[PDB]
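To start, the structure itself, in structure tokens.
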Amino acid sequence: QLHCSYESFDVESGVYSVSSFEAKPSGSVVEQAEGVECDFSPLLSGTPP
Amino acid sequence: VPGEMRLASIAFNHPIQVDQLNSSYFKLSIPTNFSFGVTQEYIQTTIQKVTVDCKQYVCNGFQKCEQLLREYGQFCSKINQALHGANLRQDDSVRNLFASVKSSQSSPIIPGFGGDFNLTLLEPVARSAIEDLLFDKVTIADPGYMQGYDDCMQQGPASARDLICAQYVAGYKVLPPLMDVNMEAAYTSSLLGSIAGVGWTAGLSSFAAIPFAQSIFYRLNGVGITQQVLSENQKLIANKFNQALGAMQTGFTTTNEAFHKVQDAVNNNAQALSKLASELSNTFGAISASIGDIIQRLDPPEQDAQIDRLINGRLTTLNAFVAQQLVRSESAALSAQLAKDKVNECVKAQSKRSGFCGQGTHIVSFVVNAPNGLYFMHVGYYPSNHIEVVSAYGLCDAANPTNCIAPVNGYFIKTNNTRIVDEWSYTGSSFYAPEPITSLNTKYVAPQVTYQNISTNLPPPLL
Amino acid sequence: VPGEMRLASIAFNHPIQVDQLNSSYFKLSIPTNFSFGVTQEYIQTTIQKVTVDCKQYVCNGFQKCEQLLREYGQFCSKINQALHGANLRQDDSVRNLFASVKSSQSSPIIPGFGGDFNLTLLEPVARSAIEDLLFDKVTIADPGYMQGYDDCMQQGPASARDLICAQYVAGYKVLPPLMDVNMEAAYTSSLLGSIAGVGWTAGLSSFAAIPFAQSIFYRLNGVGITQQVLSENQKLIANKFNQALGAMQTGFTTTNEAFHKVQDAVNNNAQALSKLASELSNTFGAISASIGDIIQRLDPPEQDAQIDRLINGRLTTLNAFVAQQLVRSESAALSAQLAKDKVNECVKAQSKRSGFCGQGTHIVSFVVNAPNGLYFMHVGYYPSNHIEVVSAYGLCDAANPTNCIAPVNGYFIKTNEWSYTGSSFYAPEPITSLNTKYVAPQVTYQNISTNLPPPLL
Amino acid sequence: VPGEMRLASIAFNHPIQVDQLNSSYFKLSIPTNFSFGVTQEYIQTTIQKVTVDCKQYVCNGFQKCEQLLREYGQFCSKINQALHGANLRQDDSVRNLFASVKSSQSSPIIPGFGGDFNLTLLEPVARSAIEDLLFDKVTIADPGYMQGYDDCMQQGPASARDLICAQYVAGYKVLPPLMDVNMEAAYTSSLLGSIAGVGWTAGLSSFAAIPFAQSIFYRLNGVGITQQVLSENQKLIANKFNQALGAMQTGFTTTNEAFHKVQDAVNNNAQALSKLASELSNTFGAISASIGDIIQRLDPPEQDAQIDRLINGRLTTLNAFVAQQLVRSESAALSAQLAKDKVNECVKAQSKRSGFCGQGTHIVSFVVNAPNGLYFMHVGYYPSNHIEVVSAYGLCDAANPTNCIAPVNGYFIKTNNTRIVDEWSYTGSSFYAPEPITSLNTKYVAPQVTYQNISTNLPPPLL
């Protein structure tokens, strides 16, 4: 990556920063809930407006 | 309850007036008392060194920016190179400074140094109590490096609010100072070991290695105070000096402008870092500041319209940031050069230039470590209780017009002291101290019409 | 009419050549005449301080802007804070200047001060005759504060075009200077009164209180001119000096570059304000530069879109402007420090450094007030009519080789057998103990077999 | 092949310790050997002056461009004016430098100048061998103006790859330098010829015209070296001096930091050009980077939308470019001021201020022409092999206590030399070299209790 950043096959000696580690992510947990099955029954009969 | 503010004129303090006089004699203002005192200054020498991950700052590993930023990778390289060069420049100034700080030789330093002078500046063998008070008075966030990952992480207090842990979210990196604080303490003690002293000609080869008090007397004779008085008042000198020294414990207040500047230098670094952090939440009209959030709610053909807008503003922020740091880096280098000059002048030697150093003539000055810089202290001499006295341009033999004298580094004044039978007397130029005129304090000069025609007793020359 | 232009080569002013010589003696180039002369410089110490209303700059209080700008209000806070700090720094520098300017003591000053010298620089007991000429030459717009605003309003000339009263449309505020101009003048008068002592040690507490002419002769001895010459030429010196002094009335010309720089500093401030004023009319592709026009011409959804476009360009000009002012402020601060450095050296005492001050060694220098800064003048000393003479490294007694001498502040020259002259000027004199010192012997010292009075033997 | 890197502590080079003695006498550190040595610095004084055609940068005379830039004509004028004023400023600084560089008089210079010193720095009568070595080491592209126009064209080599000829496409213009290099070389030779006078109570009014080595001995007495030693060792001094001089041919490699800085100044000018060149190909999301290509591909209602987008980004690069050049020009002007002050201090005369010049006291220094600036070198005294000796603050002839003396520019040391019968000996402060006590090396002073009590033979004066 350093060679590509300087577009060369001989980067000058030094200490150089390079991109950081992504820190090892793991599987999900949730606090989602609670409720009751939504009732859409007003749509099931009569004439719409 | 307090009342109204009061309109007031700005005072115009006036100089003491002294009448100009014609003919062969003139009034001379001279102080009859003086006091020790100090001044201080802070000169920043460096900018904190930082780098920024140019991928994570914009996008935290999302797969769209893994492709979308590829066409912008050359902007990042320009950003990294500029910052990297700025960091190298800061470390060059450090090495260049220390090359002049070091001495070929120094005295070992022991307790009881300075004799009757207190010298509380001495390290608690250490840095110094004065330096440590400065670091404790500063409101700066808890130090970086260790414990690193574990001071961001839950292995610590819940009350930490350090931007340093936020550097592990944002991908920011703070580089360590080059010099090593322990070596820094050694450099300041090395400077203290060259004290006593600056006199005995250039001093650029040989080292006098003499007691501190003795070097002070040479500095006092360097400003025209006669040694006879100094030998009489030696305890007084130590006491007044220590009073000026004692005032430095009240110097850690906001009315000390140098102290205030140290805090502001710290504040400016914190502000620059926090400015980038605040921009992380700044949408550019994008639906959300989080890339993962907009990915989660958008169809990919329009998803990256939003991502592109977000990318453009984030890159623009980085460009502005680099420019700001480059300017600061250059000003710090220049500021460091000034400090370097003062170390090799104001500290390494007494100077007659005035202007420089504290405003009290110039007598010995000292320097200590400060955050991102150096803090200087200047001992000085303040005249008081000025009186006017009669004085002459010179004295000469009335029996032989080619025989003449004039005072060396002092003045010929009419005698007002009951111990001196002679009509004229010699005084030091920095202080009122009449004394007999002797060959030691005078030199032969070409004759002039304004020199007094002395028809009787002159011991220098007797003839 | 004129003919065709003339191609030419740039002249190279070749230095006078002086040959190095073999053995114990050498050529010495020394002047046989001199003249006083004057040089000048302008050191700026401040940037004019301004602030701007961050709402008025963008809109005239139209309600849509009042709503829309709430999203951008934090930018205005940063704008105001940055400018405010810049303004404080400019006034910090002023306090720091005066800390070095004031003296603990000074002579009273009266008309006719300076004796035989004319001293037209003396205050008209006031500013100074030189400053009066300067301020008349300056092309700056008429001042505000009082009568101020009532010279901006319709009861005033219809022809005013000054940025000074256009600021009440634009919302700019020009801040007053930290110091009253009369106090400033008094400080420079105190500097004139700080002359004598100049020399006689560092002078730091003592105050000699002696005539100006007397202080000059001391300084001329301090640069190697012998006293014998000085007593013979006293009126000549006064005349040449007053010729150099008289030339100051012609210093307010376009060939004086320091003068030109003062005018440019005045116009740098004018340019900064005028740039913002022109941007008030700068349509950014918006339907109009005016908020009221786009409100009256557009459906309210479109009003919001066009007002936002207009606001964005307006904020952008403000941001760039602040950055520009930060750069300027810092350069002035550095320049102000340089003025202080010359005041504590070039003005308060004679200096041997060279480089600094006018390019003619260093003799007394002066400083006066200028817009946003200080204007310095220096009296220079210029050598002329150089001749070459034979000179020797030193002299010894041929019969007593350990008795060796060397000249003090001058040279031993062949007598057109040996004679002493001051380092500053050609003027031979007998060698006497006052003008020489004992030195260790050297192989190049002359072997004198005849007569040396210092030592007699 | 190599193994792993080695971790290391950073060394702290400790100063030679000297014990802090009490009482009337003290240890004195003094060197017993020395070497000449040199330092170098590069101070840039100018940046390249440029102008840019504000129509050509946008397009190659295309008509849509010609009409569409009319609304932006005032930007172009501001661009031209800002750059033009910066160019005038660069030329002002050069003239100011030369005003202080020129001397009213100088010595003629012939081969064999400097006596036994080699002086290979002298022009090959010319510029100088040093300047030509520098110019060969510098990698900068050749300037035009006489002419190289046909080397852009088919009437020159097909292998030319100069960015210097590419300016004809960009509308970029390289301005000629303000002064003829031969006239510049004449100024540097006049600086060599400005040696002697070197002082002698100013020397602004005179020209001593003495041998170069003779002026050096005057300078060596100016740093506390006794003349007795100097007369004995003159050939040795010339040998050490020439060894220091011969080392200058190795100052043309990157371990010389000043040398590296010269190349970086060249690089910075090259960077400014390369950025403009790369931007000519930079589409801003416009359908093509070429105006003619946009024209041949599009219906005019869209054709000018693409062109306008392209124009706006091109104007934006010009704005950024000008701002960058304005900043550099100011820094160059300040850098030039630093150089002229060193010409009137580090070069024109010996100086005692320290800090400045080489780090070894100060003796004669030289300056040569360099690209974009001046290259300085300095020479100085580097003491070594310090020893401690017994020394006294002064001597007071105790059989008659009113006779008190102290050394001038040197010290009184206990005698360790078999040739000298005197109990005390005088030495120069720059080097260890005892001598018999005589009136030339001392001055009468006020009495002090720490001055040694000599009750018998004290010769300066004997009475």
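Labels for the structure tokens follow display order: chains A, B, ..., residues from 1 in each chain, ligands from 1.
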Per residue of chain C within 8 Å of chain B, note the shortest atom pair and the distance in Å to one decimal, counting only C-alpha atoms, and order the rows by chain and increasing residue number, as a tab-separated table.
```
residue	atom	partner	partner_atom	distance
C:100	CA	B:355	CA	7.3
C:102	CA	B:15	CA	7.7
C:103	CA	B:15	CA	6.1
C:104	CA	B:15	CA	4.9
C:105	CA	B:15	CA	4.2
C:106	CA	B:17	CA	5.3
C:107	CA	B:18	CA	5.0
C:108	CA	B:17	CA	6.1
C:183	CA	B:12	CA	7.2
C:190	CA	B:15	CA	7.7
C:200	CA	B:409	CA	6.4
C:201	CA	B:409	CA	5.6
C:202	CA	B:352	CA	6.8
C:203	CA	B:429	CA	7.6
C:204	CA	B:361	CA	6.6
C:205	CA	B:430	CA	6.1
C:206	CA	B:30	CA	5.1
C:207	CA	B:29	CA	4.9
C:208	CA	B:28	CA	5.1
C:209	CA	B:20	CA	4.5
C:210	CA	B:20	CA	5.6
C:211	CA	B:22	CA	6.6
C:227	CA	B:446	CA	7.7
C:340	CA	B:355	CA	7.8
C:341	CA	B:355	CA	6.7
C:344	CA	B:355	CA	5.4
C:345	CA	B:353	CA	6.9
C:434	CA	B:445	CA	6.8
```
Could you pull out the helix (DSSP H, G or I) residues of segment 276-445 of chain D from DSSP and send them as an mmCIF file with C-alpha atoms, in the first residue's frame?
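Saved the output as selection_16.cif:
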```cif
data_model
loop_
_atom_site.group_PDB
_atom_site.id
_atom_site.type_symbol
_atom_site.label_atom_id
_atom_site.label_comp_id
_atom_site.auth_asym_id
_atom_site.auth_seq_id
_atom_site.Cartn_x
_atom_site.Cartn_y
_atom_site.Cartn_z
ATOM 1 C CA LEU D 276 -1.410 22.682 -13.086
ATOM 2 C CA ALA D 277 -0.425 20.249 -15.788
ATOM 3 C CA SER D 278 -2.252 17.331 -14.240
ATOM 4 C CA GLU D 279 -5.367 19.399 -13.854
ATOM 5 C CA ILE D 291 -13.712 21.363 -24.976
ATOM 6 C CA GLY D 292 -13.464 20.406 -28.628
ATOM 7 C CA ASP D 293 -14.526 16.911 -27.746
ATOM 8 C CA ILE D 294 -17.562 18.207 -25.908
ATOM 9 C CA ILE D 295 -18.442 20.368 -28.868
ATOM 10 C CA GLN D 296 -18.269 17.640 -31.422
ATOM 11 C CA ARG D 297 -20.322 15.308 -29.263
ATOM 12 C CA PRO D 300 -25.665 23.040 -27.803
ATOM 13 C CA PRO D 301 -28.273 23.088 -24.888
ATOM 14 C CA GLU D 302 -26.278 20.345 -23.176
ATOM 15 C CA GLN D 303 -22.950 21.233 -24.679
ATOM 16 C CA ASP D 304 -22.587 24.336 -22.650
ATOM 17 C CA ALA D 305 -23.814 22.708 -19.464
ATOM 18 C CA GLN D 306 -20.899 20.335 -19.624
ATOM 19 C CA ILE D 307 -18.545 23.108 -20.517
ATOM 20 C CA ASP D 308 -19.742 25.321 -17.708
ATOM 21 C CA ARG D 309 -19.152 22.539 -15.218
ATOM 22 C CA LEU D 310 -15.677 22.042 -16.616
ATOM 23 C CA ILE D 311 -14.939 25.782 -16.499
ATOM 24 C CA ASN D 312 -15.937 26.138 -12.933
ATOM 25 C CA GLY D 313 -13.585 23.462 -11.771
ATOM 26 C CA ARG D 314 -10.778 24.877 -13.929
ATOM 27 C CA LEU D 315 -11.261 28.318 -12.446
ATOM 28 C CA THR D 316 -11.261 26.777 -9.012
ATOM 29 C CA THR D 317 -7.852 25.231 -9.564
ATOM 30 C CA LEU D 318 -6.549 28.598 -10.612
ATOM 31 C CA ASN D 319 -7.848 30.201 -7.490
ATOM 32 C CA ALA D 320 -6.214 27.654 -5.273
ATOM 33 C CA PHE D 321 -3.025 27.980 -7.254
ATOM 34 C CA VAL D 322 -2.794 31.683 -6.803
ATOM 35 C CA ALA D 323 -3.391 31.468 -3.119
ATOM 36 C CA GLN D 324 -0.612 28.962 -2.775
ATOM 37 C CA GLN D 325 1.781 31.152 -4.637
ATOM 38 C CA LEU D 326 0.933 34.175 -2.564
ATOM 39 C CA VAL D 327 1.827 32.333 0.585
ATOM 40 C CA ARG D 328 5.090 31.079 -0.740
ATOM 41 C CA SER D 329 6.091 34.486 -1.966
ATOM 42 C CA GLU D 330 5.681 35.949 1.461
ATOM 43 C CA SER D 331 7.711 33.261 3.097
ATOM 44 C CA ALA D 332 10.446 33.721 0.539
ATOM 45 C CA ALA D 333 10.617 37.410 1.215
ATOM 46 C CA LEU D 334 11.097 36.801 4.898
ATOM 47 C CA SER D 335 13.692 34.172 4.187
ATOM 48 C CA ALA D 336 15.561 36.678 2.035
ATOM 49 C CA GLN D 337 15.602 39.121 4.937
ATOM 50 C CA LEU D 338 17.240 36.522 7.091
ATOM 51 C CA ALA D 339 19.945 35.981 4.530
ATOM 52 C CA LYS D 340 20.846 39.623 4.143
ATOM 53 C CA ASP D 341 21.188 39.999 7.849
ATOM 54 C CA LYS D 342 23.604 37.113 7.922
ATOM 55 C CA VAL D 343 25.541 38.735 5.104
ATOM 56 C CA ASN D 344 26.013 41.760 7.284
ATOM 57 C CA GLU D 345 26.917 39.694 10.304
ATOM 58 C CA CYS D 346 28.086 36.156 9.680
ATOM 59 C CA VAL D 347 29.872 37.076 6.481
ATOM 60 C CA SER D 439 51.623 43.813 32.489
ATOM 61 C CA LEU D 440 50.275 43.238 28.972
ATOM 62 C CA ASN D 441 48.118 40.389 30.208
#
```
Once DSSP has gone over the backbone, tell me which residues of segment 354-402 of chain D are in strand (DSSP E), as an mmCIF file with N, CA and C atoms, in the first residue's frame.
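Once written, states-v1.cif looks like this:
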```
data_model
loop_
_atom_site.group_PDB
_atom_site.id
_atom_site.type_symbol
_atom_site.label_atom_id
_atom_site.label_comp_id
_atom_site.auth_asym_id
_atom_site.auth_seq_id
_atom_site.Cartn_x
_atom_site.Cartn_y
_atom_site.Cartn_z
ATOM 1 N N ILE D 363 34.705 32.455 13.163
ATOM 2 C CA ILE D 363 35.802 32.949 12.362
ATOM 3 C C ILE D 363 35.225 33.099 10.974
ATOM 4 N N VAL D 364 36.022 33.503 10.007
ATOM 5 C CA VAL D 364 35.508 33.858 8.690
ATOM 6 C C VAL D 364 34.640 32.789 8.019
ATOM 7 N N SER D 365 33.599 33.289 7.357
ATOM 8 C CA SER D 365 32.566 32.519 6.688
ATOM 9 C C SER D 365 32.422 32.968 5.253
ATOM 10 N N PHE D 366 31.805 32.129 4.425
ATOM 11 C CA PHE D 366 31.685 32.449 3.012
ATOM 12 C C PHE D 366 30.304 32.172 2.473
ATOM 13 N N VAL D 367 29.976 32.817 1.375
ATOM 14 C CA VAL D 367 28.698 32.574 0.758
ATOM 15 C C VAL D 367 28.832 32.429 -0.736
ATOM 16 N N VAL D 368 28.032 31.541 -1.313
ATOM 17 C CA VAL D 368 28.011 31.342 -2.745
ATOM 18 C C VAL D 368 26.584 31.369 -3.281
ATOM 19 N N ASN D 369 26.469 31.572 -4.577
ATOM 20 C CA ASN D 369 25.193 31.576 -5.268
ATOM 21 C C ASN D 369 24.611 30.168 -5.287
ATOM 22 N N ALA D 370 23.311 30.053 -5.122
ATOM 23 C CA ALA D 370 22.655 28.764 -5.154
ATOM 24 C C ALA D 370 21.354 28.947 -5.874
ATOM 25 N N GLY D 373 18.490 31.131 -4.156
ATOM 26 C CA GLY D 373 18.926 31.548 -2.832
ATOM 27 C C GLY D 373 20.431 31.660 -2.680
ATOM 28 N N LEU D 374 20.861 31.762 -1.432
ATOM 29 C CA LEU D 374 22.277 31.778 -1.116
ATOM 30 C C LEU D 374 22.669 30.609 -0.243
ATOM 31 N N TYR D 375 23.853 30.090 -0.485
ATOM 32 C CA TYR D 375 24.345 28.978 0.285
ATOM 33 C C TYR D 375 25.527 29.442 1.085
ATOM 34 N N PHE D 376 25.443 29.266 2.375
ATOM 35 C CA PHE D 376 26.465 29.747 3.255
ATOM 36 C C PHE D 376 27.251 28.630 3.842
ATOM 37 N N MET D 377 28.450 28.955 4.246
ATOM 38 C CA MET D 377 29.262 28.019 4.960
ATOM 39 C C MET D 377 29.949 28.792 6.032
ATOM 40 N N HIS D 378 30.286 28.135 7.110
ATOM 41 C CA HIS D 378 30.894 28.849 8.197
ATOM 42 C C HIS D 378 31.999 28.038 8.704
ATOM 43 N N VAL D 379 32.919 28.682 9.378
ATOM 44 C CA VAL D 379 34.046 27.961 9.879
ATOM 45 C C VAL D 379 34.163 28.318 11.344
ATOM 46 N N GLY D 380 34.662 27.396 12.147
ATOM 47 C CA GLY D 380 34.808 27.703 13.544
ATOM 48 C C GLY D 380 35.772 26.795 14.257
ATOM 49 N N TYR D 381 35.995 27.150 15.505
ATOM 50 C CA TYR D 381 36.926 26.509 16.391
ATOM 51 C C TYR D 381 36.254 25.414 17.169
ATOM 52 N N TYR D 382 36.778 24.210 17.080
ATOM 53 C CA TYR D 382 36.212 23.117 17.830
ATOM 54 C C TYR D 382 37.230 22.556 18.805
ATOM 55 N N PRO D 383 37.199 23.008 20.055
ATOM 56 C CA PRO D 383 38.072 22.618 21.136
ATOM 57 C C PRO D 383 37.886 21.159 21.512
ATOM 58 N N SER D 384 38.945 20.550 22.018
ATOM 59 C CA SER D 384 38.907 19.167 22.452
ATOM 60 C C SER D 384 39.918 18.883 23.556
ATOM 61 N N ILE D 387 41.065 19.731 29.987
ATOM 62 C CA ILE D 387 41.662 19.332 31.245
ATOM 63 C C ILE D 387 41.281 20.317 32.301
ATOM 64 N N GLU D 388 41.320 19.896 33.549
ATOM 65 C CA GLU D 388 41.012 20.822 34.616
ATOM 66 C C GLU D 388 42.277 21.361 35.228
ATOM 67 N N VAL D 389 42.319 22.664 35.484
ATOM 68 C CA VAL D 389 43.487 23.232 36.141
ATOM 69 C C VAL D 389 43.106 24.112 37.298
ATOM 70 N N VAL D 390 44.043 24.314 38.204
ATOM 71 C CA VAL D 390 43.818 25.218 39.319
ATOM 72 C C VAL D 390 43.850 26.654 38.851
ATOM 73 N N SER D 391 42.891 27.463 39.296
ATOM 74 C CA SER D 391 42.900 28.859 38.906
ATOM 75 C C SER D 391 42.437 29.804 39.994
ATOM 76 N N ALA D 392 42.843 31.064 39.848
ATOM 77 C CA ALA D 392 42.520 32.105 40.809
ATOM 78 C C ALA D 392 41.715 33.219 40.192
#
```
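Coordinates place atom CA of residue 317 of chain C at a distance of 27.9 Å from atom CA of residue 178 of chain C.
Near chain A, within 7 Å and using only C-alpha atoms, the residues of chain B are residues 53, 77 and 171 of chain B.
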Checklist entry - What are the residues of chain B that have an atom within 7 Å of an atom of chain D, counting only C-alpha atoms, as a ChimeraX atom specification? => result /B:103-108,200-201,204-210,341,344,440
For the selection just defined, write its residues with N, CA, C and O atoms to a file, as a PDB file, in the first residue's frame.
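As a result, again_11.pdb now contains:
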```
ATOM      1  N   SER B 103      25.757  21.411  26.123  1.00  0.00           N
ATOM      2  CA  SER B 103      27.047  22.037  26.382  1.00  0.00           C
ATOM      3  C   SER B 103      28.126  21.017  26.403  1.00  0.00           C
ATOM      4  O   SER B 103      27.889  19.859  26.734  1.00  0.00           O
ATOM      5  N   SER B 104      29.330  21.441  26.050  1.00  0.00           N
ATOM      6  CA  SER B 104      30.471  20.551  26.131  1.00  0.00           C
ATOM      7  C   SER B 104      30.769  20.107  27.565  1.00  0.00           C
ATOM      8  O   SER B 104      31.263  18.998  27.778  1.00  0.00           O
ATOM      9  N   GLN B 105      30.482  20.981  28.537  1.00  0.00           N
ATOM     10  CA  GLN B 105      30.722  20.667  29.930  1.00  0.00           C
ATOM     11  C   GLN B 105      29.735  21.348  30.857  1.00  0.00           C
ATOM     12  O   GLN B 105      29.148  22.380  30.509  1.00  0.00           O
ATOM     13  N   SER B 106      29.537  20.759  32.039  1.00  0.00           N
ATOM     14  CA  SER B 106      28.700  21.392  33.052  1.00  0.00           C
ATOM     15  C   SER B 106      29.102  20.982  34.462  1.00  0.00           C
ATOM     16  O   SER B 106      29.722  19.946  34.664  1.00  0.00           O
ATOM     17  N   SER B 107      28.703  21.759  35.449  1.00  0.00           N
ATOM     18  CA  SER B 107      28.869  21.338  36.827  1.00  0.00           C
ATOM     19  C   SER B 107      27.838  20.262  37.178  1.00  0.00           C
ATOM     20  O   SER B 107      26.747  20.268  36.603  1.00  0.00           O
ATOM     21  N   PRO B 108      28.155  19.316  38.066  1.00  0.00           N
ATOM     22  CA  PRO B 108      27.235  18.447  38.758  1.00  0.00           C
ATOM     23  C   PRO B 108      26.394  19.368  39.603  1.00  0.00           C
ATOM     24  O   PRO B 108      26.861  20.447  39.981  1.00  0.00           O
ATOM     25  N   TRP B 200      34.081  36.304  32.281  1.00  0.00           N
ATOM     26  CA  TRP B 200      35.417  35.794  31.974  1.00  0.00           C
ATOM     27  C   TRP B 200      35.607  35.555  30.486  1.00  0.00           C
ATOM     28  O   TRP B 200      35.903  34.435  30.072  1.00  0.00           O
ATOM     29  N   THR B 201      35.358  36.623  29.720  1.00  0.00           N
ATOM     30  CA  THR B 201      35.406  36.768  28.252  1.00  0.00           C
ATOM     31  C   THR B 201      34.362  35.881  27.564  1.00  0.00           C
ATOM     32  O   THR B 201      33.317  35.608  28.154  1.00  0.00           O
ATOM     33  N   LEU B 204      33.258  30.445  25.416  1.00  0.00           N
ATOM     34  CA  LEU B 204      32.866  29.439  24.447  1.00  0.00           C
ATOM     35  C   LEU B 204      33.807  28.238  24.345  1.00  0.00           C
ATOM     36  O   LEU B 204      33.637  27.382  23.478  1.00  0.00           O
ATOM     37  N   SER B 205      34.790  28.182  25.224  1.00  0.00           N
ATOM     38  CA  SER B 205      35.743  27.102  25.275  1.00  0.00           C
ATOM     39  C   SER B 205      35.861  26.636  26.707  1.00  0.00           C
ATOM     40  O   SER B 205      35.413  25.548  27.068  1.00  0.00           O
ATOM     41  N   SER B 206      36.467  27.486  27.510  1.00  0.00           N
ATOM     42  CA  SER B 206      36.654  27.271  28.914  1.00  0.00           C
ATOM     43  C   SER B 206      35.378  27.325  29.734  1.00  0.00           C
ATOM     44  O   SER B 206      34.422  28.009  29.374  1.00  0.00           O
ATOM     45  N   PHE B 207      35.390  26.639  30.870  1.00  0.00           N
ATOM     46  CA  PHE B 207      34.271  26.734  31.803  1.00  0.00           C
ATOM     47  C   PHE B 207      34.749  27.145  33.172  1.00  0.00           C
ATOM     48  O   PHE B 207      35.520  26.428  33.814  1.00  0.00           O
ATOM     49  N   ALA B 208      34.287  28.320  33.614  1.00  0.00           N
ATOM     50  CA  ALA B 208      34.718  28.909  34.876  1.00  0.00           C
ATOM     51  C   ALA B 208      34.460  28.068  36.109  1.00  0.00           C
ATOM     52  O   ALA B 208      35.317  28.036  36.984  1.00  0.00           O
ATOM     53  N   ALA B 209      33.317  27.382  36.182  1.00  0.00           N
ATOM     54  CA  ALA B 209      33.017  26.495  37.309  1.00  0.00           C
ATOM     55  C   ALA B 209      33.097  27.192  38.674  1.00  0.00           C
ATOM     56  O   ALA B 209      33.771  26.695  39.579  1.00  0.00           O
ATOM     57  N   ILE B 210      32.412  28.314  38.853  1.00  0.00           N
ATOM     58  CA  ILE B 210      32.526  29.071  40.108  1.00  0.00           C
ATOM     59  C   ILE B 210      31.165  29.113  40.782  1.00  0.00           C
ATOM     60  O   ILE B 210      30.194  28.661  40.189  1.00  0.00           O
ATOM     61  N   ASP B 341      17.187  31.154  19.623  1.00  0.00           N
ATOM     62  CA  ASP B 341      18.053  32.289  19.686  1.00  0.00           C
ATOM     63  C   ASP B 341      18.141  32.829  21.088  1.00  0.00           C
ATOM     64  O   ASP B 341      19.224  33.183  21.547  1.00  0.00           O
ATOM     65  N   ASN B 344      20.417  30.775  23.213  1.00  0.00           N
ATOM     66  CA  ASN B 344      21.818  31.007  22.963  1.00  0.00           C
ATOM     67  C   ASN B 344      22.235  32.435  23.184  1.00  0.00           C
ATOM     68  O   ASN B 344      23.383  32.784  22.914  1.00  0.00           O
ATOM     69  N   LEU B 440      41.866  53.812  39.094  1.00  0.00           N
ATOM     70  CA  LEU B 440      41.075  52.679  38.677  1.00  0.00           C
ATOM     71  C   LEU B 440      39.767  53.010  37.993  1.00  0.00           C
ATOM     72  O   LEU B 440      39.348  52.292  37.086  1.00  0.00           O
TER      73      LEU B 440
END
```
Checklist entry - Interatomic distance between atom CA of residue 248 of chain D and atom CA of residue 182 of chain D? => result 23.3 Å
Next on the checklist: Between D:190, D:456, D:417, D:215, which residue has the minimum interatomic distance to residue 12 of chain C, considering only C-alpha atoms?
Outcome noted: D:190
Checklist entry - Which polymer residues have any atom within 10 Å of an atom of segment 128-131 of chain D, counting only C-alpha atoms, with same-chain residues fewer than 5 positions away left out, as an NGL selection string? => result :D and (120-123 or 136-137 or 185 or 188-189 or 248-249 or 251-252 or 368-371 or 375)
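Note that the spacing between atom CA of residue 320 of chain C and atom CA of residue 272 of chain C amounts to 11.4 Å.
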Checklist entry - Any idea what's packed within 9 Å of residue 363 of chain C, counting only C-alpha atoms, ignoring anything in its chain fewer than 2 positions away? Could you give it as a list in words? => result residues 216, 219, 220, 223, 346, 349, 350, 351, 358, 360, 361, 365, 378, 379, 380 and 381 of chain C
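Using only C-alpha atoms, the residues found no farther than 12 Å from residue 418 of chain D, other than those of its own chain fewer than 5 positions away, are residues 423, 425, 434, 435 and 436 of chain D.
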Next, dump the selected residues to file, keeping only C-alpha atoms, as a JSON list (two decimals), in the first residue's frame.
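Result file out-v9.json:
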```json
[["chain", "number", "residue", "atom", "x", "y", "z"],
["D", 423, "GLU", "CA", 54.20, 30.65, 40.57],
["D", 425, "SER", "CA", 50.82, 31.64, 34.72],
["D", 434, "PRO", "CA", 50.71, 29.10, 29.96],
["D", 435, "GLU", "CA", 52.90, 32.17, 29.89],
["D", 436, "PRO", "CA", 54.93, 34.33, 32.35]]
```
